[PDB]
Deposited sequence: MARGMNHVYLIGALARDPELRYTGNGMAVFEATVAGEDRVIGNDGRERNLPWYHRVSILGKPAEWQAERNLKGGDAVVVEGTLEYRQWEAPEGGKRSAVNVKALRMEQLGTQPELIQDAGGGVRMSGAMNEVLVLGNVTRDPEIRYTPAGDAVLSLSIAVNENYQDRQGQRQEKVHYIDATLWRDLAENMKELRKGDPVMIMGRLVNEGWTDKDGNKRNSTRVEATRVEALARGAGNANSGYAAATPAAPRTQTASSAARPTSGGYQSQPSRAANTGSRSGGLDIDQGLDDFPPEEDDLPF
């Protein structure tokens, strides 16, 4: 139970990198960047692939400016507390068509006519926070727990949690403001980066469904 899906079509903002962790694990890192018509809103997301798949991807030798499709999951990480959500994939696929690129001052590029979709299903972790813009537009910050099963070194089942933050606007905010900790919910939207004082990767919701309690 619980869903965790991200689909991106974007340009590699610059050449990806293959490196290693302190433990010797391969990590392939690329920034995928786009803007979708939904104003033209830009996004840039770091995508990581780990282990042998990282080496396999690196071998494909994709470069900055290449358009890719990526299927991935949102990965929550926590350290000393501070936290971040990033996109994890197993592979990307290069598009056969040549994207229309927009160059930024850093020499980074993004793809016009991109795609950015998230589908997550989990449970609310805490009573949500409702606020209003000065003009009276509702905004609700909602945090959900997405549970992942995995097998450790011993072959015993373990659980991992990803805490995913979502931003709901206007009617979506008003409709979901009565959600409570523990309530199951499904959220569809786009993956965005929201700046604060700090960075936060969030889901800007386009559709939300409270699930049967």
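- Gaps in the model relative to the deposited sequence occur at 1-2, 41-47, 90-94, 212-217, 234-301, listed in sequence order.
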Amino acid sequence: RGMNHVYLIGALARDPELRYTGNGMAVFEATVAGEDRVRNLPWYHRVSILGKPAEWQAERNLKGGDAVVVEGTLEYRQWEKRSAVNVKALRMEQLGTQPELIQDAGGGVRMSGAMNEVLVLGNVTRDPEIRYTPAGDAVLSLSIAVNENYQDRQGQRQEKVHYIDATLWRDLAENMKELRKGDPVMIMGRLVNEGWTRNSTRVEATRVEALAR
From here on, numbers count along this sequence of modelled residues.
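- For the pair 7-15 and 198-206, the mean Cα B-factor is higher in 198-206.
- Mean CA B-factor, 131-139 versus 85-93: the higher value falls on 85-93.
- Across the options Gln98, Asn123, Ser112, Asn116, the residue with the most elevated CA B-factor in the record is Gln98.
- Among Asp183, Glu174, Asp165, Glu148, the highest C-alpha B-factor in the deposited entry belongs to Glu148.
- Sorting the modelled residues of the chain by their CA temperature factor places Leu191 in the lowest third.
- Among the modelled residues of its chain, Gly106 has a C-alpha B-factor that falls in the highest third, as given in the PDB entry.
- Looking at the C-alpha B-factors along this chain, the one for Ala33 belongs to the lowest third.
- Among all modelled residues in its chain, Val47 ranks in the middle third by Cα B-factor.
- Among the modelled residues of the chain, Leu179 sits in the middle third by CA temperature factor in this PDB entry.
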